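Worksheet: the structure to be examined is printed underneath.
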Amino acid sequence: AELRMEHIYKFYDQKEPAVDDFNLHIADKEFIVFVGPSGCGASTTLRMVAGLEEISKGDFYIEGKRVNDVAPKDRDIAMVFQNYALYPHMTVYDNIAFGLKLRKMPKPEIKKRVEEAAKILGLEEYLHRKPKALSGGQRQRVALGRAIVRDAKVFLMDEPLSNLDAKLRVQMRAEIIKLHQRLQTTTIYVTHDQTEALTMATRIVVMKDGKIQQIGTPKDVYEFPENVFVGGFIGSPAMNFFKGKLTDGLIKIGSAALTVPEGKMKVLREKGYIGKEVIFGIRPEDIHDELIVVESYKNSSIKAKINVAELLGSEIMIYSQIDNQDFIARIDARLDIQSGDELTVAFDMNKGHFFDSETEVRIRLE
Numbered sequence: 002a003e004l005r006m007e008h009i010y011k012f013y014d015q016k017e018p019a020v021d022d023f024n025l026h027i028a029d030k031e032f033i034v035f036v037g038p039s040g041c042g043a044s045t046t047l048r049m050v051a052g053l054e055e056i057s058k059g060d061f062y063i064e065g066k067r068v069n070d071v072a073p074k075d076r077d078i079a080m081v082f083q084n085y086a087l088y089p090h091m092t093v094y095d096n097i098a099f100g101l102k103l104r105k106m107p108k109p110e111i112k113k114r115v116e117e118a119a120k121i122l123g124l125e126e127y128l129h130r131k132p133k134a135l136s137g138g139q140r141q142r143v144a145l146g147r148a149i150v151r152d153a154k155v156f157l158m159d160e161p162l163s164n165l166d167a168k169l170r171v172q173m174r175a176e177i178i179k180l181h182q183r184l185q186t187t188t189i190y191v192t193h194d195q196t197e198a199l200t201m202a203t204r205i206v207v208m209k210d211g212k213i214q215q216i217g218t219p220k221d222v223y224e225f226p227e228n229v230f231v232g233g234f235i236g237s238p239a240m241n242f243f244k245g246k247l248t249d250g251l252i253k254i255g256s257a258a259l260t261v262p263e264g265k266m267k268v269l270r271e272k273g274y275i276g277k278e279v280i281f282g283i284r285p286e287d288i289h290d291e292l293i294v295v296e297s298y299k300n301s302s303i304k305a306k307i308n309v310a311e312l313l314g315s316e317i318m319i320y321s322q323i324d325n326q327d328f329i330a331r332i333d334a335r336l337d338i339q340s341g342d343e344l345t346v347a348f349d350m351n352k353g354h355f356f357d358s359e360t361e362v363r364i365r366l367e
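Here the working numbering runs 1 ahead of the position in the sequence shown, where the first position is 1.
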């Protein structure tokens, strides 16, 4: 289904809204992740969508029908993780069928939908077992079949991995991804975990304090963050940020001076940033081990002291600074590199971003 949120607001007791002008158009088959820190308003928004909470202002549409006034049960939404407990004395089959039985659906049609769900969950050999005979990993899949047999237009998932242990969490995460690949049901998934957002979504809605910060594919949000908060929240280790003073062709950070690409320089000039203090952002992977990288970087190298060098698989995380401004670089593993040495690094200024010092909003050079 297509969903439209048109200028939605939620207010409680205080006159600052908990959700502020939430505007979004979700296409069919998208897996949309709402992500942000504590109090971002994602979970409230999801419950407004479910119809557990009332919309204060604006319109919510499902397939172009305004459903603000429609009761939860009539919205054709499945709250996938609600009433999730299994009946211990019923089979897998019966735990998945239960809601259809209550609905008096004919037995054969029940059978057809149940078997189909079991195949999608990988439970076809287990249909006549009891829950106790399934492992923990298999057992947590069963109640998803209740959502699939419902034949709903949209699935809602509110932070379903948050209370699971590590081993069950990895398996649920994977199950959710598969369920989206096999059924393609339009889904809204709320989390506080930016890695889940990057790896599970078709598109992400980054939220803070009830306000949409950015909407985009995971790659778009990562590569072109709207502001400094998004740049710092998405990615781990997240973007490095520096204060410097822009001149004609150079950004001077502490006692370093990095050449700014002409293309970017032109726009910054035209927007009137020459001679002003600006925030410069650059990802760890875009700070290169200058020795090794095949590319030549034109006057954007510095000598950095290695505070710590941490091997992580085939990469090294380097913790350093430009004067008093800390940064992390993420380079390919090499052996000489040791905590305490010096290392020349080259900033890829084609991947650098500039943000306004007062607004923290990214300055569109693209």
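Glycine included, each C-beta is placed from N, C-alpha and C at the ideal position.
Can we say the region 91-110 touches the region 134-151, given the rule of at least three CB pairs closer than 8 Å? yes
Kindly indicate which three-state DSSP category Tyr62 falls into: helix, strand or coil? Strand.
Which stretch, first to last residue, makes up the alpha helix (DSSP H) that contains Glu7? Where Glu7 is concerned, there is no enclosing alpha helix (DSSP H), although the beta strand (DSSP E) it sits in stretches over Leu4 to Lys11.
DSSP three-state call for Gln182: helix, strand or coil? helix
In whole angstroms, give me the CA-to-CA distance for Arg48 and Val206. Taking C-alpha positions only, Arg48 is separated from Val206 by approximately 16 Å.
Under the assumption that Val143 contacts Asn96 (Cβ atoms under 8 Å), give the Cβ distance between them as a whole number of angstroms. 6 Å
Between which two residues does the alpha helix (DSSP H) carrying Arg147 extend? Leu145 to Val150
Candidates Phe242, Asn69 and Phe156: closest to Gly353 by CA position: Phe242
Tell me, please, which residues DSSP counts as bridged to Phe348. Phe348 is bridged to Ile288.
Using beta-carbon positions only, say whether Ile235 and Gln195 come within less than 8 Å of one another. yes
Separation of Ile293 from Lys212, as counted between CA atoms: 43 Å
Would you mind reading off the limits of the alpha helix (DSSP H) that contains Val93? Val93 to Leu103
Just the Cα atoms here: how many angstroms apart are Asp221 and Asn351? In a straight line, the C-alpha of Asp221 is about 16 Å away from that of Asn351.
Assign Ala202 to buried or exposed, taking buried as 16 or more other Cβ atoms, counted over all protein chains shown, within 10 Å of its Cβ. By the neighbour-count rule (16 or more Cβ atoms within 10 Å), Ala202 is buried.
Could you name the residues of the same chain whose beta carbon sits closer than 8 Å to that of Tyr223, not counting the 5 residues immediately before and after it, in chain order? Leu199, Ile235 and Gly236
Run of the alpha helix (DSSP H) containing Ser302, from where it starts to where it stops: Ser302 -> not in any alpha helix (DSSP H); beta strand (DSSP E) instead, spanning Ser302 to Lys306.
Taking three-plus beta-carbon pairs below 8 Å as touching, is the region 14-26 in contact with the region 160-179? no
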